[PDB]
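Protein chains in written order, with the numbering used here: chain A, 432 to 463; chain B, -5 to 15.
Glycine is no exception: its CB is placed at the ideal position from the N, C-alpha and C atoms.
Have a look at the structure below, then the notes.
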Amino acid sequence: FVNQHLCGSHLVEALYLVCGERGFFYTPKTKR
Amino acid sequence: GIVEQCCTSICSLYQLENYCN
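In structure tokens:
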């Protein structure tokens, strides 16, 4: 963890761990 | 989008913070 490869569910869960209950504005390579 | 970094190369919490609400 902390510095690693991350994809799909693992990247979504890492974003929820980093951002907390506020979540993320990102969408998985959809326009962003 | 950060999937095109994290999924094939390395990324980190400081780079995930850039996408937080």
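- According to the Cβ coordinates, are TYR447/A and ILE(-4)/B closer than 8 Å? no
- Would you report the Cα separation of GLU(-2)/B and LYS462/A, rounded to the nearest angstrom? 12 Å
- Element boundaries [alpha helix (DSSP H), containing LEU10/B]: 7 to 10
- Check whether the Cβ of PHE455/A lies closer than 7 Å to any heavy atom of the ligand HEM, and answer yes or no. Among the ligands in the structure shown, none appear at all, so the ligand HEM cannot be discussed.
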